[PDB]
Structure formats: structure tokens, C-alpha cells
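Below is one structure, written out as C-alpha cells, with a few remarks after it.
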Amino acid sequence: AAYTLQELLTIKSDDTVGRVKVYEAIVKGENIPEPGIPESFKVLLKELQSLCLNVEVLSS
Amino acid sequence: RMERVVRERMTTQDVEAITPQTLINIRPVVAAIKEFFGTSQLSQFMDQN
Amino acid sequence: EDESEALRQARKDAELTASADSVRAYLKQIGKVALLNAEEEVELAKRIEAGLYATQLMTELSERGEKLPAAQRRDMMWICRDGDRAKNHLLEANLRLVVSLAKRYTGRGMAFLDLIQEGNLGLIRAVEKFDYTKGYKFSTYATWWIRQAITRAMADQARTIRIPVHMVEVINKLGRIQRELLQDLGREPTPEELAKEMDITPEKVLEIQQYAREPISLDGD
Amino acid sequence: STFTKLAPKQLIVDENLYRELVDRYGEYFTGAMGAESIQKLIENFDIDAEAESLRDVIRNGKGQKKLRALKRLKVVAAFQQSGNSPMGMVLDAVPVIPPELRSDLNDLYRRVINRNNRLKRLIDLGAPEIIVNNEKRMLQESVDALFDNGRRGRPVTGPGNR
Amino acid sequence: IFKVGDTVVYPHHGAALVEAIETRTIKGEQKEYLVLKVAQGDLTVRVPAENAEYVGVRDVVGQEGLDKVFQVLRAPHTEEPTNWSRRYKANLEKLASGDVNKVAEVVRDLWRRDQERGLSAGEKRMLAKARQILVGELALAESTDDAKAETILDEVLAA
Amino acid sequence: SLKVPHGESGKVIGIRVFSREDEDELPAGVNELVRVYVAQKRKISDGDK
Amino acid sequence: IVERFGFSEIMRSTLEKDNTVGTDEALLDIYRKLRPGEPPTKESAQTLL
Amino acid sequence: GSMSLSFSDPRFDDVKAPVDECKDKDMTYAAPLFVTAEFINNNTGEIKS
Amino acid sequence: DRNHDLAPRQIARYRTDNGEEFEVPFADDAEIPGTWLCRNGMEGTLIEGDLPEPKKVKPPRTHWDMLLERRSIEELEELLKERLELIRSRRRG
Amino acid sequence: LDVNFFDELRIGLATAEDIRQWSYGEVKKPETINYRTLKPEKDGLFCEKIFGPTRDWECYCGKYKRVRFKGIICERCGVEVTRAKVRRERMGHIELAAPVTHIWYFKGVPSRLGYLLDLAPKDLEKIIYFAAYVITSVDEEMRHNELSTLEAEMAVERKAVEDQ
RNA sequence: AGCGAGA
Ligand SMILES: [Zn+2]
């Protein structure tokens, strides 16, 4: 069960932009939007960068 | 701690101008007892269930 | 002594030094140079002043000056380097003064090595502004300057939010008086009592209290 | 005899001998102390020659010597194959985590900045080698504590002795 | 030299009421122990009477010193070293000497100063302590209702 | 304003108004500390142990 | 040592293996091992123990 | 060793307030503690208590 | 966050000590300084030739300057003479 | 911001150039916030000129305060007027007066610096904590020629010390 | 941060 996991860990917990969006979708009755990137991954990125560890997310 | 404070200040205590009352600083003792009875592990919040 | 095994003990103590701890390392490092006496202090001063004057005059003569002769110039540059040498000798000699006096301020605010360094800064200033012609021992004067430097440092780089020195002194004064009034009364004086004692308003008393607050670990409700 | 077999990357304890060498041998070697010494050591360090020499040693030499040589070859090859130079190990600038950390960690940063500023002032005024050297060591320790407190030496402690 | 009831002057305790005496064999010798409770500190000093005079025991002063403190209070033309610290040290040593004249000079000079401007809290504490000891000494010099000693001090300072 | 936390209800047994205005020994900064005592009579039901 | 401790064989064993003669030498070795980094002396060793 | 300080005769005054009041107004049910100090000067000879 | 319209901003390059282009997004029409602080650690200055001439301040203090405020030239010259002749005696006598 | 285009993630050593490229400023003062007005300081550890405005859409002094001023920098205080959440995104950097070595590559056994330079761990530590000097360059052929000259000069010095 | 407790 993969989609429910992603839902849980992203838009139920962390994703600061999706969260208001799912609330809006529920209130208004629209399809739940697509999940974004959880806000904890970016704090990790900033902390690793802060350790002089150049961490980059290549597109492809 | 209090005795350490006293012993330290004795080098700078002018002779004959000193009395115990001005010589003894009680604050460390009261601080120690307070920080004991509050936040010491063996001073536990009473359990009156 | 001619005790080669005791010689070996001392030689281990100084040759393959463990250098375990920072303060231990610095403390053993500062004992290398011996102390000096008043005639040494004044001669050393005269040396640094002469070197500084030589540097000034050569700065002046570098511009539209004169091509000084080889022997005189080499001697005068020797004097210029000797001036800085003398300043270094004095500073290394009195690092022990710095450490002795900064000892008295440990345990509150900040680390120890920071206090030692700020005292080193106070004493570099003191030697910068030291006069022998008035014929006073150096330690007298340098003590006051180090004390000022350490107190200024404690004012600035001690709390997460620097409080200005006059504010620091008045709040410290309030702390001392309330301590004394606890001794003389046995109860924490009310803000009104402190205000009347200080000839200020209780509003300022409470404002001092609020400003004395410091953030605690973040690791109402 | 120290000279007649002298070559670099060679430590010298008991700085008395060092200052003797410098005053007598001001030229013919440059001796450094601290992180910038390591920076210079890495500057005069060609990865390809050392990697080739180590590979030759492993291919022809055997025993414990080979085993150490293999250990180093791991990291040396790691730097060769990748485009990252070993300059990254020595730091000229320390990044500042954005202001959300908000003051346990912040205080460490304050310590670093205090010591850096004091060092800058000490170099500017002109200070004895001893004081400025000690200040540099303090800056090193502060950055150490910031990236990892307690790894080397006693951990930097805060209020409440923690 | 010692009489029960006499407030012997000995600094910084100043005048101290003497109770009794103890011939005790401390150190293998029964030499006398004059006991004196100083109400100012509310503490008892059982000083060996043998060395009580040695340390500087003295009785209360007469009226010659009384008039003298008045004349000194009216003494003009006092100048101090420019730097504040050295003058503070000088007047602090003058107090630490224990001489009534020196403390009177310090108190009156510091009052005219702080009346002119109002200097600081440390000097306020110094003035408070010095004035307290002086007014106690004067009140017991005349046995004159220590509050009334405060008032006569307030009047004579007017000059 | 002080509001009943979620999931609580009952009678107001006692209210204590310790105020700096009343010259109570309030900690430095608070001017008026009020404690309200709410009591509830809990009866047995599913889930109770 | 033989008088008090000689009865056991381990004590004789460690006596011979000690290869260390002189009270000054024993106190020297201990002081060297207890507070190293400081200059050994034959005055501040008895005080140490 | 020129001067010494000593303590003796610990004693307790009456509690500053009764149990229920101490419980009510947060104040700690405590009593004053008194010790008779004694300061001695060896050079001249005095005892201040 | 509307992106179809907003108060436009102009961009002006500020050359640094190490010559770093720094196009500063300031209001489309607004006054700007000759030199602007940047992440380079210092302040870069507009490339086009203008110069308000910052007129940097004198150095706050110097050991020589501070010495002049407690001594005079003559005694320092005398000490210089003494040191010189002592050294000359050391070299040639 | 970020999208699903995360096909590859890369980690590597960050050189000083990269560090000062990331930074939006250079903190140079150990001041968090004013004790009285409770606002971030200039060039402090919370400087609004570097990490952005504390409350969204206004500069420090307040010359610009609304959304149409998006992406603008106020000349008076230099605060870039934008969203406040960017304070979780922007980094600073401290330009160290002297170089320092990153601990991870120093103390983590095996000491990767030590293996790279073939320096024994205790030795390396004594170097980088200012306890023992290290050479970094030496001479070769002219070394031979002045070694003969230096053999003569040490013959002279040895003869002098033997004479005393 | 520290205490005590349920499964
Ligand atoms: Zn603005």
C-alpha cells in the first residue's frame, strides 16, 4: 500500500503547502491534490549543506 | 562551596575589619537546598492517588 | 644535577609534551619566558619607543626623502625590528599577569580561554599606553586595563543579547543590593522597596528585571 | 643529520629546534603550523603521482606494508576518480544555518564569530606569535565544537553543565 | 581600663558594651577574657583583656573632641586629587583609620559634594555608614537621644 | 481568555484570585493570577479499567 | 616486605620482578605515573600519596 | 593559619507559617536556621561570635 | 501571490573589490547609493563613472600617535641617540 | 522551489567557493536581537538584510510594506521585501580570518586527512592544533652545491665550538 | 531537562 503511505507522511504530517490544499479539497469536495515534498527533507538538506556537505538534487 | 568562597575572600579580607556576619555568604547553601528539593531526582512529586 | 634519568624526566616533560588540554597547553606554554624587573621594563620601553620612532621617520623619508647610507640604514632597521622584538618580550612576560588576573572572573558568563584572550587584548593596549618616565611599576597599570578589557568582554560577548556596560553595571548593582537586603531583611524586597532604596521608580526596577532575563534551552506552554 | 636526510611532510616537535633551524636556515625550507599548513601540504600534493606510486607498491610489495598502502589507496583513489579536490577538507568559510534553529546551537555560532573577530583584530594590531597562535587554536576548537561537540576533548558545556 | 557598662571604642565595631571577663587557661594560661557585645553588630567579642589594650582599646571622648569636630566641620578650602579613584581611596583610608576627625571631614566634604550634585551609590553607602558611626559616637558622647543627635547634626551642619 | 480545554466540563467548585493588586506574593511580572477549580463526577462506563 | 608478605610465592615473585630499588625511586615512578606533565621532585611525592 | 572560623549550635526558629497556609499560597513550609559562628584571630587573640 | 502585475524593480550592477557584477533589484525608479553591500563580504560600486568620493576616516589610533600624546620629540631623539651609539659600540666600539 | 525532478541526488565536499556562493550575506557580528525593541540586528545572526524579513512583505525600516513591492530591496536597510518563510531557506557564511580543518575528515578514524597525506593521527593532531611544526617545501641541486659550502660552514662552527 | 505511570 504505497499511495496511502505517501499521503500519510506527506500531506497528513509535514507538507506545509499540500496541507491547506487537502483541507480546501475536502471542504469544497474536489479531488485531493498531488502530494509535494515533505518539509522535513528540506531542513535535512539545509543542515547537511550547513556541514560543508554540498548536497544537490539533480533533475536528471 | 560556601567555604570555598570564604577561603577565597580571606586573602582580600582586611584584618580586624571582618566579622562572621559579613564573612559568611549564605546564598550558595540556600540555592543548593532549593535546587535539591526542586528538580532533584530523589525529591519526587507526591503521589496521592 | 647531572641526573640523566631526572634529566630524562624533565626532557619528556618538555620535549614530547602530551598537550592534552587547551588550558593546560597554554598554561605550560606561558611559563617559558621568565619575568623582568623595573630596569628591564624601562630599557625595554625605551627600545620599543626608539623602534617606533625609527619606523615613523623612515615612513616620512620614504616620500621625497633622502637615500640613507647603507650602514646607518641597516642599523636603524635593526633598531626598528628590535622595537617589535621588545614589545613581544614584554607581552610574553606578562601573559602570566593576564592569566592570574583573569582567574578571578571564571565560572560566570563565558569560557576561560576567552577571558585569557580578552585580557591579552587589554594588556596589548596597556603596553601600547604605558609610560615609564613617571616611574611606576608596569603591573599596576596593566592590571586596570586588563580588568577593563575583561569587564567589557563580559558585558558584550557573555549573554546571547549584549547588554550595554552602563546597563550591565546598574543591573549588577541591583543584584548586589537585593543580595544585601536578603541578608539584612531575610525576605526578597518588593519592587517598591528597591525603588526607594535606589532613588528610582519601581517601573525601572521591573524593567531591569525583565532585561536581566536570558533565554533558556529550547530543548506559555 | 636532520638536514642530510630531510624531506617534507616531516613533523618537528620541540619548536626550539625549529626556530634554531629557521634563524640559521631561513631559506631552504618553509615550515608552517596549523590548518593553513595542511592547506599548503595539500596544495603541493599531486594526486596522480601518489596514486600511481601506491598502486605500484601494492602490485609489487607484500605484507603489512601493502596493507597500510591499500588502506590509503582507498581514499586516494576516491579523490582521483572524482572531480572533487582535497581542498574541501580545510575550510576558509563556515556556512550559517538559516535562522530557524532559534538558543543552544545559536550560542556555538556566537562563539565562533567572537573568536574569528578577535583573531582578525589580533592580526591587524600586530601581536606576538604566541597570542595569535593560541587564538587560531581557539578558532579551530570552536569550529570543531560547532560541527561536532565532544568528539575531541571535553564537550563544550552550556548552562546547567550540559 | 575595663568597667562593665563602658562602650569601648574599637573599629569597625566602634563603641561596644562590655559585660564580664573570663580567666580561662587557653594555650595553658588563664589570662583574662574581656567579653564585649557591640550592639551595632549585635555580636560578642571575648577578647583576652591582656591584649585588649594591645589591640587598641579606648573609652568615650570628652567635649574637647566635640568642639574640635565642630571647628573641623567649619573648615573650608579642601581640594582633592583630580581622578575620582584616588580621592575615593584617600577618604576610604581616612575612614579605615578610625579617627573621628578624619571620618567627620570625609562625611562633611562628601555631603557638600552630593548636595551640589549627588555623586553615586557607593559613596552614598560610604556616607551612610560614616554618618551612622559618627552620630552614634556623638550621641553617646553627649548621651543625647540619638534621634536628637541626628537633629543636632542636622542643625550644626547648616553652619 | 482562559477557556475550558477540549473534552472537559463540570461545576466550578472554587476560584482563587491571587493578585498583585491585592498585594499577593505573585512571581515577578504577573499582576493577577487566577485559578479556577473545575470538578466532575465521573461514572462508570465502557473503557474504564 | 619479606617479613610481612614473604609467606606467599606471588609476593616473592613480584619482589624479584619489581626490578626497582630505592624508596626515592619508587616514589619517583609513582609520581611520574600519577600526575605526569609536571616536573618530578622528591618533595611533592610523599605529599601526593 | 593566622585566623580561623568555626560554627556551632545549630538551632531552628518557629515555622514562619502553618502547614495549610504554606500549601495555599505556594510558599515553602520552612523555618529559619541559625548557627552561632565564631571568628578567631591567632596573631592577637580574639573570638567574635 | 500575483505575478501578472506588481511594482516593477530596476537592476543596477555594483562592482566589488574583486570585481563581481551585482545587479541590485531596487525599485524601478528610485535613488540608489554609489556602493552597495553584497554577499561578497564587502560593498560593490556602480560600474559607470560617478564617485561621490567616500572620504574614508583616519585610523582611530596608533601606538606612535598615542605615544606622541604622552611624550615629546626631544627625549625620544635622545633615547634614539643613546641606542644608536650603544649599537655602534657593539659593532665597532 | 522543488518538483518531481529529483531523478538523482548528489553529495560531495563543499569548497569555500561553493559556501560563499550559497550565502546571501556574511554575518560578522555576534548579535541576535536588540535587548529592548526585540528586532534582529544588522549583520547579526538573524540579520534581516541577509536571511530576509521577519514578517513578510516589508523591509526593516518599513519604507516598502505591500505585495506589489515583491522582489525589491529597500535602499535604507537593504532588506529584500518578499515572503517571510524564505528565512528557512537562505544561508549565511562566516569568512574565517584563518583556515580551519573540518573535523569529520580529521578525527573520524581512519583519519582521512591523515591517510591522504600519510600523516600519523597524533602527528596530524599536533600540527592542526598548533603543537608541532611541519615542513612543506625543500631544495635539490643548488642544495648539493651549498651543502658542500654548508659542509665547510659547519666545519667552521664545529671548530669554533670545539675551540671554546 | 528531570520524575512517575499504562500497554
Ligand atoms: Zn527599509
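Labels used: A, B, ... for chains in the order of the C-alpha cells, numbers from 1 for residues in each chain, and numbers from 1 for ligands as shown.
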message = List as an MDAnalysis selection string the protein and nucleic acid residues lying within 10 Å of ligand 1, with only C-alpha atoms (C1' of nucleotides) and all ligand atoms counted.
response = chainID J and resid 49 58:65 73:81
Residue contacts of segment 38-44 of chain D (7 Å, only C-alpha atoms (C1' of nucleotides)) excluding same-chain residues fewer than 3 positions away, as a short mmCIF file (atom, residue, chain, number, x, y, z; two decimals) with N, CA, C and O atoms, in the first residue's frame:
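Writing the result to out_7.cif gives the following:
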```cif
data_model
loop_
_atom_site.label_atom_id
_atom_site.label_comp_id
_atom_site.auth_asym_id
_atom_site.auth_seq_id
_atom_site.Cartn_x
_atom_site.Cartn_y
_atom_site.Cartn_z
N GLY D 34 49.58 24.44 11.72
CA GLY D 34 48.14 24.50 11.84
C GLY D 34 47.43 24.15 10.55
O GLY D 34 47.96 23.50 9.65
N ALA D 35 46.18 24.62 10.46
CA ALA D 35 45.33 24.28 9.32
C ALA D 35 45.92 24.79 8.02
O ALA D 35 45.92 24.09 7.01
N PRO D 86 40.95 17.74 -2.72
CA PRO D 86 41.05 17.71 -1.26
C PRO D 86 41.06 19.07 -0.59
O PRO D 86 41.26 19.13 0.62
N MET D 87 40.92 20.18 -1.32
CA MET D 87 40.82 21.46 -0.63
C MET D 87 39.59 21.53 0.26
O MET D 87 39.59 22.27 1.25
N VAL D 90 39.98 21.44 4.31
CA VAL D 90 40.30 22.68 5.01
C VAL D 90 39.31 23.75 4.58
O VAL D 90 39.00 23.88 3.39
N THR J 136 56.99 22.13 4.38
CA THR J 136 56.15 21.98 3.20
C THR J 136 56.89 22.18 1.88
O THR J 136 56.24 22.11 0.83
#
```
task = Could you give me the residues within chain H that DSSP places in strand (DSSP E), as a list in words?
result = residues 3, 4, 5, 6, 7, 8, 9, 10, 11, 12, 33, 34, 35, 36, 37, 38, 39, 40, 41, 46, 47 and 48 of chain H
For segment 8-11 of chain H, please output as a compact mmCIF listing (two decimals) with N, CA, C and O atoms, in the first residue's frame all residues within 10 Å (counting only C-alpha atoms (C1' of nucleotides); exclusion window: fewer than 6 positions along the same chain).
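And here is the file that came out, result.txt:
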```txt
# COMPACT_ATOMS: atom_id res chain seq x y z
N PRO H 32 13.39 29.24 59.78
CA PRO H 32 14.75 29.77 59.78
C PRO H 32 15.71 28.83 60.48
O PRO H 32 15.34 28.10 61.41
N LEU H 33 16.96 28.84 60.03
CA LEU H 33 18.03 28.05 60.62
C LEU H 33 19.10 29.02 61.10
O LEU H 33 19.52 29.90 60.36
N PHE H 34 19.52 28.84 62.35
CA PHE H 34 20.52 29.69 62.96
C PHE H 34 21.72 28.85 63.39
O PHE H 34 21.55 27.74 63.91
N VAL H 35 22.91 29.39 63.16
CA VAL H 35 24.16 28.81 63.63
C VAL H 35 24.96 29.91 64.29
O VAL H 35 25.03 31.03 63.77
N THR H 36 25.55 29.60 65.44
CA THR H 36 26.45 30.54 66.11
C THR H 36 27.84 30.39 65.51
O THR H 36 28.48 29.34 65.66
N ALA H 37 28.30 31.42 64.81
CA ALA H 37 29.64 31.43 64.26
C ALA H 37 30.64 31.89 65.32
O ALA H 37 30.27 32.31 66.42
N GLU H 38 31.92 31.77 65.00
CA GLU H 38 32.97 32.17 65.93
C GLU H 38 34.25 32.42 65.14
O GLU H 38 34.84 31.47 64.62
N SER H 49 31.62 36.13 67.88
CA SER H 49 30.56 35.15 67.70
C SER H 49 29.20 35.84 67.56
O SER H 49 28.92 36.82 68.26
```
ask   = With only C-alpha atoms as the atoms that count, which of B:49, B:43, B:21, B:30 lies nearest to residue 180 of chain C?
value = B:21
